[PDB]
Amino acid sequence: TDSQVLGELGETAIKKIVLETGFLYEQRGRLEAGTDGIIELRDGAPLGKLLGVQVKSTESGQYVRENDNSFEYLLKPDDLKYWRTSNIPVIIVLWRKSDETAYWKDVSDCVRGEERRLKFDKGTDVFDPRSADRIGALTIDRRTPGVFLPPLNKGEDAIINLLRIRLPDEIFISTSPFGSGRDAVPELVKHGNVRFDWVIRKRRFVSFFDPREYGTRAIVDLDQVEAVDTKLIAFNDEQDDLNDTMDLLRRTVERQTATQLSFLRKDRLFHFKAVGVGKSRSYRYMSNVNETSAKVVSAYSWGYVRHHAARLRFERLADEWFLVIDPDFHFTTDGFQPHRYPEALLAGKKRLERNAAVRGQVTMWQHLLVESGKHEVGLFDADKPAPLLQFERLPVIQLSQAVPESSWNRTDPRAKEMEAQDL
């Protein structure tokens, strides 16, 4: 916006004089025809005293009064302080781009009203580095009870777990002579050309692939093998069909991610498999357009092998299926045998539950799931069928207000603890 650029130029100028004086400058949010921020005293150290500043920027146009010696400006109630909640004192600095000069007065009274008439004198008050003693004097300490640190009005974005699922338009449904899938697994392993991405509940067989063509012929009644719209099974209100839909979504995810993942019935946990006994291994994915690496299997040596894991859950939102990524870990003694006493290792996972590390795990897990459904030549079509489910990322969730992070790594003593230190 034209207004944002002018406000950026204004605060940049004001930041220069402020730093020239010896104080500090940070920005909070964005006004109309200007931007705002905070200024902190320094002696070589931030001293914990802070002042607000309102940087109004105009490119041309004289102020109200005769500009020979003085001037007048009016403060709109809406452009008035958003710091009304906070108890810090604030100044206002009027900077004209064409004259390249500013003047500061005290606007500590900001409650909305017709207090708009502001009386400025060019001689008495100018924002020069020379006004430093005055600016510093008008200061309430951060260490006073009641000082709000108001959140950033800048705005920021964030990602969500969900991966949109693109189901095949048709689902094969058929009756089964067997009761449950587990009852039919014995007969299936005998014939050959066997896949396990199918569900048999209450004598009903469902799968996206044709049962007649991939050796599931024995576990189904071929007579009533028939195709049907996927919305008739997935997008209904029948709890039995929602349960069968979620079971078929899991078993298909297992097949498509079988190259890099193994499924554990205990806690329904997917984890990165191991390739060598007591041997670490890494995974290369894509975070946005950046090439990354993650030690998904870390072997430690008195022996524990940690595996990157995640609970893959399925949630339906407004006639649209999504996959939830919930990252955790899976510990093994030798890369395969589960740890005989996994209770001692659970504490280390809590130190690894910080925002940046979970965001990276979700971003990684999305890349594996998205690639599993991709139609390309780089699949193992030799001896293995092609993926039928595809997964789509979601737009970034846009937040109106942002976390004052850059300000908090200075002020907040416990900021480093927000970082995830491994072992």
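Numbers for residues come from their place in the sequence shown, where the first is 1.
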>> I'd like to know the size of any gap between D43 and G44, counted in deposited residues with no coordinates: none, 1 to 3, 4 to 9, or 10 or more.
In response: 1 to 3
>> Can you tell me how many deposited residues have no coordinates between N290 and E291? The categories are none, 1 to 3, 4 to 9, and 10 or more.
In response: none
>> Mean Cα B factor from the PDB record: higher for 395-403, or higher for 21-29?
In response: 21-29
>> If you average the CA temperature factors as listed in the entry, which stretch comes out higher, 116-124 or 147-155?
In response: 116-124
> From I219, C110, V305, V199, pick the one with the largest CA B-factor in the entry?
Replying inline: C110
> At the C-alpha atoms, which of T332, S174, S98, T252 reaches the highest B-factor in this entry?
Replying inline: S98
> Relative to the other modelled residues in the chain, which third contains the C-alpha temperature factor of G179: lowest, middle or highest?
Replying inline: lowest
> What third of its chain's C-alpha B-factors does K56 belong to: lowest, middle or highest?
Replying inline: middle
>> Is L80 in the lowest, middle or highest third of its chain when residues are ranked by C-alpha B-factor?
In response: highest
> How does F270 rank on Cα B-factor within its chain, lowest, middle or highest third?
Replying inline: lowest
>> Which third, lowest, middle or highest, does the C-alpha temperature factor of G278 belong to within its own chain?
In response: middle
